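Visitor: My structure is below; once you've seen it, I'll send some questions.
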């Protein structure tokens, strides 16, 4: 039927979802077509917060859905920079290569 | 009712559930009751693969289920040393605590 | 009519059919063209495990229908390295011969 969630603070609720680690629920939203680029109040994408939490897999679903790595939070760091902050080497490497792809 | 898995390659199936990142599957499984130590064809417990991927979240669930840490691998790689190989210092310390408890 | 396997856990599947003793089942996979050097969660090719197991005829047939002796696992160990770890001089000899043949 081509419906959409159309939820207020959809990106902020996505950041809360990443906070709760609802990986399957995140995947179902992104399969339906929810925007992972939509950030929270602090301009943090769900990719931003997931990278800050070292959620390599969850950030990878976010990347597949198109969560922007070149986007910047309220502090002005990309999700990749949040990955460097957390130190999750796997998610750090994934986030390098996804940012490099997005730069084109 | 008392239903039981009794699955063939239950060690391998557990290890693949670990490798495929099915955290909710593990939750239902630990809730259902399942040896957190069943070894695969390479004699690896589920927590072996959990630490080899540095899955501090999922490995923690196996630790909660009481996953064996002292048990080594076909190469001498205990899941504690698997976490060391991955580089998850947090998981290294967690598995170190569990293994030091398991010494007795 | 153009069928295929499309099975997941292909590395698990191959390593197990070699290990469980149903190498005829493995041969039936190879009849369909299933690549023995399929992806594994630990990068364990079936011949790795088989050579380190101590059985010969099973790894023998597996490598007979094709294999990768120079394939590395997640530790970088080759099936020949696993034969060396097991010290299976018969497996070591066969695997060295196939390794040289492959490298050629």
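Chains as they are written, first to last, in PDB author numbering: chain C, 619 to 722; chain D, 619 to 722; chain A, 619 to 722.
For every residue, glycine included, the Cβ atom is placed at its ideal position computed from N, Cα and C.
Would you check if there are 3 or more beta carbon pairs closer than 8 Å linking the stretch 704–716 of chain D to the stretch 674–687 of chain D?
Guide: These segments touch.
Visitor: Name the chain A residues that come within less than 9 Å of residue 627 of chain D, Cβ to Cβ?
Guide: 630, 634, 638, listed in chain order.
Visitor: Please report the residue range of the alpha helix (DSSP H) in which residue 685 of chain D lies.
Guide: Counting along the chain, residue 685 of chain D falls outside any alpha helix (DSSP H), and DSSP gives it neither H nor E.
Visitor: Measure the alpha-carbon distance for residue 650 of chain D versus residue 711 of chain C and round it to whole angstroms.
Guide: Straight-line Cα distance between these residues: approximately 36 Å.
Visitor: Report the neighbours of residue 660 of chain A on chain D: residues whose CB is nearer than 8 Å to its CB, in chain order.
Guide: Here the neighbours are 637, 660, 662, 667, 670.
Visitor: Under 7 Å, CB to CB, which of the residues in the stretch 698–714 of chain D have a partner in chain A?
Guide: Correct list: empty, as no residue qualifies.
Visitor: Would you call the CB atoms of residue 630 of chain D and residue 659 of chain D closer than 7 Å?
Guide: Cβ distance < 7 Å, so residue 630 of chain D and residue 659 of chain D count as in contact.
Visitor: Below 7 Å CB to CB, which residues in the same chain sit around residue 655 of chain A once its five sequence neighbours on both sides are set aside?
Guide: Contacts found: 663, 685, 686, 689.
Visitor: Beta carbon of residue 666 of chain D, beta carbon of residue 700 of chain D: below 7 Å?
Guide: Against a cut-off of 7 Å, the Cβ pair of residue 700 of chain D and residue 666 of chain D comes out as a contact.
Visitor: What are the boundary residues of the alpha helix (DSSP H) that residue 711 of chain A is part of?
Guide: Counting along the chain, the alpha helix (DSSP H) containing residue 711 of chain A begins and ends at 707–721.
Visitor: Give me the chain D residues within the contact set of residue 644 of chain C, using Cβ-Cβ distance strictly less than 9 Å, ordered along the chain.
Guide: Result: empty, since nearest Cβ-Cβ is about 12 Å, beyond 9 Å.
Visitor: Whole angstroms are fine: how far does the CA of residue 673 of chain D sit from the CA of residue 628 of chain C?
Guide: Approximately 28 Å, taken between the alpha carbons.
Visitor: Would you kindly report the start and end of the unbroken alpha helix (DSSP H) that includes residue 701 of chain A?
Guide: Start and end: 697–704.
Visitor: Whose Cβ in chain C lies nearer than 7 Å to the Cβ of residue 722 of chain D?
Guide: Per Cβ cutoff of 7 Å: no residues; residue 722 of chain D is ~32 Å from chain C at best.
Visitor: Could you tell me the distance, in whole angstroms, from the CA atom of residue 638 of chain A to the CA atom of residue 661 of chain D?
Guide: Spanning the two alpha carbons is a distance of roughly 14 Å.
Visitor: Taking a Cβ distance cut-off of 9 Å, strictly less, list which residues of the stretch 670–692 of chain C are near chain D, in chain order.
Guide: For the stretch 670–692 of chain C, which is checked against every Cβ of chain D, the residues closer than 9 Å are 672, 673, 674, 675.
Visitor: Have a look at C:693, C:707, C:677 and flag the residue whose alpha-carbon is nearest the alpha-carbon of residue 642 of chain C.
Guide: It is C:677 whose Cα lies nearest to the Cα of residue 642 of chain C.
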